[PDB]
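The structure appears right after this line, and notes come after that.
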Amino acid sequence: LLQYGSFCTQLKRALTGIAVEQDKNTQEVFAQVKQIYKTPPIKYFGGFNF
Amino acid sequence: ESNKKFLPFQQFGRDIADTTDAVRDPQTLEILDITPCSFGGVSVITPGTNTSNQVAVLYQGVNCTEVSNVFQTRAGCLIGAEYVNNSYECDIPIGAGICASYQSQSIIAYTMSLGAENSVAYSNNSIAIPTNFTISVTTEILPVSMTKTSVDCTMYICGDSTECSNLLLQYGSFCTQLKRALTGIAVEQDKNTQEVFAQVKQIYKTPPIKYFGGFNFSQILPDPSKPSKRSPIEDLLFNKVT
Amino acid sequence: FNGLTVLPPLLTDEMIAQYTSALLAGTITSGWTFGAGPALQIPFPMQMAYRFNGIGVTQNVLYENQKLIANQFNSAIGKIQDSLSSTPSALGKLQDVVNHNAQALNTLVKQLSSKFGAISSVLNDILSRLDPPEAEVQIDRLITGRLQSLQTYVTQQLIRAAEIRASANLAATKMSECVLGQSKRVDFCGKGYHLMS
Amino acid sequence: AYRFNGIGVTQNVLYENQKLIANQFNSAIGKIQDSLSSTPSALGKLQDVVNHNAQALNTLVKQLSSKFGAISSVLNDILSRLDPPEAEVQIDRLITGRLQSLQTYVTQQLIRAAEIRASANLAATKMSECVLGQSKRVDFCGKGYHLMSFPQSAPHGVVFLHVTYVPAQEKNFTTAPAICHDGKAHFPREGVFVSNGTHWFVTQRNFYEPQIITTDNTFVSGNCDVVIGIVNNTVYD
Ligand SMILES: *[C@@H]1O[C@H](CO)[C@@H](O[C@@H]2O[C@H](CO)[C@@H](O)[C@H](O)[C@H]2NC(C)=O)[C@H](O)[C@H]1NC(C)=O
Ligand SMILES: *[C@@H]1O[C@H](CO)[C@@H](O[C@@H]2O[C@H](CO)[C@@H](O)[C@H](O)[C@H]2NC(C)=O)[C@H](O)[C@H]1NC(C)=O
Ligand SMILES: *[C@@H]1O[C@H](CO)[C@@H](O[C@@H]2O[C@H](CO)[C@@H](O)[C@H](O)[C@H]2NC(C)=O)[C@H](O)[C@H]1NC(C)=O
Ligand SMILES: *[C@@H]1O[C@H](CO)[C@@H](O)[C@H](O)[C@H]1NC(C)=O
Ligand SMILES: *[C@@H]1O[C@H](CO)[C@@H](O)[C@H](O)[C@H]1NC(C)=O
Ligand SMILES: *[C@@H]1O[C@H](CO)[C@@H](O)[C@H](O)[C@H]1NC(C)=O
Ligand SMILES: *[C@@H]1O[C@H](CO)[C@@H](O)[C@H](O)[C@H]1NC(C)=O
Ligand SMILES: *[C@@H]1O[C@H](CO)[C@@H](O)[C@H](O)[C@H]1NC(C)=O
Ligand SMILES: *[C@@H]1O[C@H](CO)[C@@H](O)[C@H](O)[C@H]1NC(C)=O
């Protein structure tokens with residue numbers, strides 16, 4: 001197999017790029033804010049459930 | 001040991017993947033399971049060589065028994081990294097919620113911290129109103145086009161061999177398709193820039209006197225002194241990209 | 001698996017849930033003010049009055065019809081769980097990804113049993129039954145077939161990843177525009193006049 | 001002033017703060033060059049294109065020296081050394097390998113071209129909307145309230161400079177939905193009722209500027225026996 005060439009390096013690079021892109025997708029979609037807000041202990045908002 | 005009730009006439013065993021995973025000993029009739037021996041990748045965690053010279057090793061998808069010194073994660077066995085309780089912004093991602101960093105100086109592994117805890121004092125007769133403002137400027141970078149290329153089949157594959165070309169022409173017309181694809185790519189590359197930049201039909205010019213009520217546009221307006229007629233920011237961008 | 005591995009994601013489900021809870025708390029207790037600077041407190045009825053005023057209806061319409069609006073909102077929220085549970089294929093989009101991944105992996109592992117015009121499909125049998133000078137002829141066919149299978153799999157994975165990235169970009173834009181503010185684009189954040197998400 | 005008026009702030013806010021805004025804009029523009037220069041990987045997107053193209057070409061050229069299961073990797077030696085009825089069999093392996101390499105390269109280029117075209121379309125849309133006008137889409141032309149933008153050109157790409165508006169220095173206050181007077185409810189036209197502890201004013205939403213409550217910035221439209229949380233105070237005329 002060593003005689004054929006360098007297809008394996010290309011395969012590995014493609015798969016690694018795919019994985020990095022997969023992580024970046026979630027990182028971009030969800031990590032919008034940089035603060036972690038917390039809802040007040042008393043849950044009264046004028047008559048609305050949440 | 002196995003727990004599969006072989007009928008008195010089978011000898012082997014398979015699965016969905018159609019691989020051997022059972023066998024019967026000839027001398028003593030007994031059912032035995034076959035499992036592959038452990039294997040996995042190896043990843044090396046290191047800071048920049050300009051800083052230090054130590055490394056850490058992660059064996060993906062293996063517990064530490066098969067191989068500070070040792071620590072078990074959800075991604076594998078981490079060797080050479082010390083685990084702490086403090087949480088910081090992630091530096092080098094490792095696995096499921098684990099990160100590593102270089103902090104007298106060693107390599108430590110922790111759990112990433114999402115952000116600073118905050119709480120707003122909600123009350124149903126209160127409001128907050130700003131009294132002061134700030135003007136901010138931020139950048140954004142977007143690629144537009146890439147390099148156009150063209151390939152000649154006969155020179156690349158055969159060079160100057162006549163018999164090689166004679167055998168090559170027997171295959172068919174793959175090279176016409178290759179040429180068409182490359183030509184389409186080049187045309188699209190031209191069209192991308194033509195669409196992005198050619199938005200206006202006129203060529204407006206700024207007045208000679210650059211007084212706009214106190215606003216300074218020297219860093220973005222073109223510079224006539226230099227021959228290339230480029231703004232200083234454009235010059236910096238052109239020099240950084242090499 | 002023979003050389004096939006699955007890597008875990010970087011963010012666990014607990015962290016994603018924390019992100020979602022933070023977004024909900026911010027949009028409930030601040031409105032759209034936390035998406036463009038510091039968060040500023042405001043009572044919820046005043047927020048909803050502003051949001052009605054943003055679509056062409058005056059505030060006295062809300063302030064004189066608070067209970068009816070609250071009850072309608074509560075009932076609409078309540079019906080969501082039943083609507084989701086009743087429809088069988090409501091979540092086909094998320095299931096298709098898993099189905100396609102499983103199909104691709106199963107086909108790739110199944111391809112190892114093909115002969116590709118050789119005496120046998122097992123390397124050990126070929127090695128233990130022949131002489132190295134007569135083994136390359138058989139081995140080459142298997143090598144070529146398996147290389148072709150790998151290349152096909154990689155190309156399909158890249159093609160699918162492109163579409164997944166496009167969908168992720170659309171989702172990010174929707175999160176930025178419908179949740180962190182009020183959208184005036186038609187049919188972008190629901191059918192009707194948008195209020196909040 | 002008009003661009004400020006587009007985001008909900010009156011013109012007198014700018015006209016009485018021209019010098020401060022000009023100085024802030026000048027400093028923000030000045031910091032840009034240092035921000036770009038100091039960070040080493042600020043322009044990775046425009047460098048990845050060149051890196052990918054160079055790497056692909058290098059791999060394609062390097063592939064020519066492989067054997068693919070043949071006597072040698074050069075036709076001239078294979079031809080002269082061996083009899084032709086071995087030659088037409090040995091040439092086929094090299095031909096197939098090189099054709100496969102070309103097909104792989106072309107497919108990779110097509111896949112990259114699709115993504116580049118998508119990025120170019122996004123850049124064209126951003127140039128059309130952020131630069132030639134004022135945008136109300138949240139987080140599309142920067143972070144904050146959009147004011148204006150300036151384009152700059154880069155090798156194989158474009159660079160945008162977004163100018164926004166960020167509030168600061170907030171304060172606690174007390175508010176009521178409506179004001180009752182002579183049994184008549186009063187709602188603000190544009191703004192919010194606000195109190196500092198003993199008096200009641202009306203002010204705009206994004207800047208503290210109290211005003212005396214008057215019949216000119218309110219409308220009656222109702223009664224005092226429906227609204228929850230109404231507060232009664234005198235309204236001048
Ligand atoms: C919001 O709606 C929920 C669901 O109807 C209410 O919680 C219910 O309360 C009744 C009586 O206390 C219980 O019998 C139900 O079991 C509760 N539901 C659930 C799912 O546990 C809740 O009361 C509503 N909000 C307010 C403020 O009343
Ligand atoms: C609004 O914010 C600006 C920016 O911080 C404040 O401007 C500063 O004011 C102080 C006090 O007058 C000066 O010493 C600084 O030199 C000003 N900065 C600049 C860049 O000129 C301004 O004072 C704030 N407005 C109020 C009412 O506090
Ligand atoms: C507009 O801004 C530029 C950038 O700072 C000013 O140019 C500077 O002027 C000072 C004063 O002469 C010099 O000391 C600096 O060396 C200049 N910088 C550069 C990069 O040339 C320019 O003077 C400003 N325009 C006006 C009318 O004040
Ligand atoms: C680690 O290996 C031991 C072997 O005795 C086993 O008991 C344990 O479950 C393994 N850990 C994990 C996470 O599988
Ligand atoms: C943090 O330290 C405490 C010590 O009481 C320990 O119980 C806990 O497991 C630590 N957290 C980790 C290891 O994540
Ligand atoms: C909201 O107003 C009600 C009055 O009905 C009061 O009981 C409640 O405490 C208020 N909310 C908070 C968070 O205090
Ligand atoms: C508003 O009041 C709350 C509670 O009194 C306080 O925590 C908060 O800091 C106040 N806002 C500002 C801007 O100080
Ligand atoms: C509230 O504003 C009024 C009107 O200017 C003023 O007379 C009064 O002193 C203020 N009270 C406080 C506590 O600031
Ligand atoms: C004004 O408001 C107070 C408190 O809400 C109330 O007690 C009083 O009756 C109101 N005035 C009139 C004339 O009703």
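Numbers here mean position along the shown chain, with the first residue as 1.
Every residue, even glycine, has its Cβ placed from backbone N, Cα and C.
The Cβ of D:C141 (disulfide bond) has D:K126, D:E129, D:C130, D:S135, D:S149, D:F160, D:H162, D:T164 as same-chain neighbours under 8 Å, each 6 or more residues away in sequence. According to DSSP, D:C141 (disulfide bond) sits in a coil region rather than a helix or strand. Under the heading disulfide bond, Swiss-Prot lists D:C130-D:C141 (among others).
The disulfide bond annotation in Swiss-Prot covers D:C180-D:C224 (among others). Secondary structure from DSSP puts D:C180 (disulfide bond) in a beta strand.
Among the features that Swiss-Prot reports, N-linked glycosylation site is placed at D:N172 (among others). Around the Cβ of D:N172 (N-linked glycosylation site), the same chain contributes no residue under 8 angstroms that is 6 or more positions distant in sequence.
Taken from Swiss-Prot, the feature N-linked glycosylation site applies to D:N196 (among others), supported by experimental evidence. In the three-state DSSP assignment, the secondary structure recorded for D:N196 (N-linked glycosylation site) is coil.
Within 10 Å of the Cβ of D:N232 (N-linked glycosylation site) there are 15 other Cβ atoms, across all protein chains. The N-linked glycosylation site annotation in Swiss-Prot covers D:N232 (among others) and is backed by experimental evidence.
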Cβ packing number for D:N196 (N-linked glycosylation site), 10 Å threshold: 12
If you measure D:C224 (disulfide bond) to D:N196 (N-linked glycosylation site) at Cα, how many Å is it? 23
Check the DSSP secondary structure of D:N232 (N-linked glycosylation site), expressed as helix, strand or coil. strand
Residues from D:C130, D:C141, D:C180, D:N196, D:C224, D:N232 facing chain B - recorded positions, CB under 8 A: none
In three-state terms from DSSP, label D:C130 (disulfide bond) for me. helix
Between the Cα atoms of D:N196 (N-linked glycosylation site) and D:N232 (N-linked glycosylation site), what distance do you get, rounded to the nearest Å? 16
Report, as a single number, how many Cβ atoms besides its own are within 10 Å of the Cβ of D:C180 (disulfide bond). 18
Would you count the other C-beta atoms found within 10 angstroms of the C-beta of D:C130 (disulfide bond) for me? 23
